[PDB]
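Reviewing the structure listed below.
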Amino acid sequence: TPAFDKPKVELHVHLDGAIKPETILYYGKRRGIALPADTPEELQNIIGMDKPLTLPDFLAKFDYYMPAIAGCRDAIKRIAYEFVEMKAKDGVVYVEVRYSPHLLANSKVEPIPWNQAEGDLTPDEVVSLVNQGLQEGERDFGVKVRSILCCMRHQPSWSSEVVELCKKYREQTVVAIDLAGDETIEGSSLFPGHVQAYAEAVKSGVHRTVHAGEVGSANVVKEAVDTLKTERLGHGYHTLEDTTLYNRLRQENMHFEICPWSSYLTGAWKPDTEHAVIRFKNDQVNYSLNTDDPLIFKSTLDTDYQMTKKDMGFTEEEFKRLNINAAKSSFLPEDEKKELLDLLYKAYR
Ligand SMILES: NC(=O)c1cn([C@@H](CO)CCn2ccc3ccc(NC(=O)CCc4ccccc4)cc32)cn1
Ligand SMILES: [Zn+2]
């Protein structure tokens with residue numbers, strides 16, 4: 001069945017979008033919340049999309065399940081644990097996983113997300129709990145995991161906390177800072193809370209990625225590159241819109257975190273068009289293949305590989321260079337990055 005039967009690298013996946021239905025129900029019941037279902041299968045049917053939707057439509061998906069995990073400590077550790085399990089089934093030898101700590105928390109955060117009564121779970125120990133779950137998963141399932149911590153567009157006040165959390169927990173497991181959630185809010189790349197967070201990340205050596213370009217213009221890409229100093233782009237589809245920018249990113253060997261299946265389901269790509277990744281294939285761009293939200297998009301990594309092999313004529317050779325590009329563009333220290341490279345060179349021959 002699987003389009004690509006070798007080990008794989010993945011750089012772009014959200015933890016809060018990669019929970020098993022079954023364990024949301026488990027915590028729905030056991031805490032009180034009660035979902036719009038009580039069977040795993042129907043749960044995935046309504047909390048999981050299969051044709052494009054608007055943003056409010058999208059966000060209410062989170063409004064369903066997040067109150068069931070956020071706040072509960074053992075929930076937070078278990079989803080980090082089960083994320084590694086899920087990934088071992090995908091054949092991934094190395095993954096970076098991202099999330100917003102604040103969104104899993106029910107105290108020391110204004111506003112309190114998900115409506116949610118107060119309590120005592122702060123952002124700081126959310127990240128310790130996640131990174132316990134993750135370290136255990138690594139040990140039991142033999143996938144290597146690191147994590148990225150997301151800033152949120154609409155909430156520049158969280159952002160100095162995020163860089164500080166990145167520093168406190170560096171190497172183990174957290175390797176980078178991200179910026180997520182609605183790149184359409186005007187001027188959001190340039191909100192002072194975000195820019196000074198990213199400037200702190202330069203100063204102290206935390207690695208940087210930015211979501212720019214999925215649903216927004218090439219201008220928001222440009223700000224991510226020139227003002228936020230990204231090392232990578234999540235998505236970056238719209239840099240095509242601006243050809244000098246595109247060419248520049250080609251020379252600098254910028255890495256696009258591509259999420260094929262997602263981009264259909266979000267509206268970012270319309271089916272009757274050039275998919276941006278085929279252009280990236282033809283141009284020999286430094287890009288990767290990623291799942292984004294396997295919960296919400298009813299998908300595994302093989303969904304993404306499959307789609308590009310069926311409908312876009314991707315071949316096995318391109319699959320290889322892409323995962324190599326992803327290993328090179330990882331936020332691993334260089335010794336550990338050479339080790340990963342070596343594993344992959346052998347596996348691939
Ligand atoms: N794929 C994602 O965008 C995503 C974001 N998360 C969470 C962090 O890990 C945060 C969820 N979240 C909270 C507020 C918020 C605002 C916007 C978005 N995402 C977008 O706007 C992405 C673009 C988009 C447009 C329209 C439909 C779907 C998606 C996520 C948001 C999980 N998955
Ligand atoms: Zn994403």
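Ligands are counted one by one from 1 in listed order, and the atoms in each one are counted from 1 as well. Start at 1 with the first residue, then count along the sequence.
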**OP:** For the pair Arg250 (side chain) and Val285 (backbone), establish whether a donor and an acceptor sit closer than 3.5 Å, ignoring hydrogens and angles.
**Re:**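 Looks like no, no N/O pair under 3.5 Å.
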Original post:
Looking at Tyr26, does the NZ or CZ of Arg78 lie under 6.0 angstrom from its six-membered ring centre and within 45 degrees of the ring axis?
Top reply: yes
Subject >> Those atoms of ligand 1 less than 4.0 Å from some heavy atom in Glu214 >> reply: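 What qualifies from ligand 1 is 22 (C), 23 (C).
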Subject >> Per-atom contacts, ligand 1 versus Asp293 - under 4.0 Å to a heavy atom >> reply: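 Atoms satisfying the 4.0 Å criterion: 1 (N), 4 (C), 32 (C), 33 (N).
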Subject >> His14 NE2 and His12 NE2 subtending at the Zn ion (ligand 2) (10° steps) >> reply: 120°
**OP:** Mind listing the closest non-hydrogen atom pair of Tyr264 and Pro52 along with its distance?
**Re:** O-CG, 3.2 Å
**OP:** Identify the two heavy atoms, one from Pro21 and one from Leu295, that lie closest to each other, and give their separation to 0.1 Å.
**Re:** CG-CD2, 4.3 Å
Of [options], which has the heavy atom at the shortest distance from [atom]?
atom: atom 27 (C) of ligand 1; options: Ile185, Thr266, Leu149; result: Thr266
atom: atom 30 (C) of ligand 1; options: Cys150, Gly181, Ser263; result: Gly181
atom: atom 20 (C) of ligand 1; options: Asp292, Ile296, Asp182; result: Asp182

Subject >> Aromatic ring proximity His194/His211, centre distance under 6.0 Å >> reply: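 Between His211 and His194, which both carry aromatic rings, the centre distance is not below 6.0 Å.
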Original post:
Taking the six-membered ring for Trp, are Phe83 and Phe141 ring centroids under 6.0 Å apart?
Top reply: no
Considering only protein heavy atoms, which is closest to [atom], and at what distance to one decimal place?
atom: atom 7 (C) of ligand 1; value: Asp16 OD2, 3.2 Å
atom: atom 3 (O) of ligand 1; value: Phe58 CE2, 4.1 Å
atom: atom 5 (C) of ligand 1; value: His14 CE1, 3.7 Å
atom: atom 10 (C) of ligand 1; value: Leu103 CD1, 3.8 Å
atom: atom 24 (C) of ligand 1; value: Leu55 CD1, 4.2 Å

The Zn ion (ligand 2) to nearest N/O/S of [X] below 2.8 Å:
X: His211; answer: yes
X: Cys259; answer: no
X: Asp292; answer: yes

Subject >> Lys346 vs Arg349 side-chain heavy atoms within contact, under 4.5 Å >> reply: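 Result no, sub-4.5 Å side-chain heavy-atom pair not found.
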**OP:** Identify whether the distance between the nearest side-chain nitrogen and carboxylate oxygen of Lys338 and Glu334 falls below 4.0 Å.
**Re:** yes
**OP:** Check each heavy atom of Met152 against ligand 1 and say whether those closer than 4.0 Å belong to the side chain, the backbone, both or neither.
**Re:** side chain
Original post:
Taking non-hydrogen atoms only, is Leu59 closer than 4.0 angstrom to ligand 1 via side chain, backbone, both or neither?
Top reply: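 For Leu59, only side-chain atoms sit under 4.0 Å from ligand 1.
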Subject >> Side-chain H-bond candidate by donor/acceptor type, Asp16 with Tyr65, under 3.5 Å >> reply: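 Side-chain D/A pair, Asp16 to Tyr65: absent.
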Original post:
What is the ring orientation for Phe4 with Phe319, classed by angle as parallel under 30°, tilted 30 to 60°, or perpendicular over 60°?
Top reply: tilted
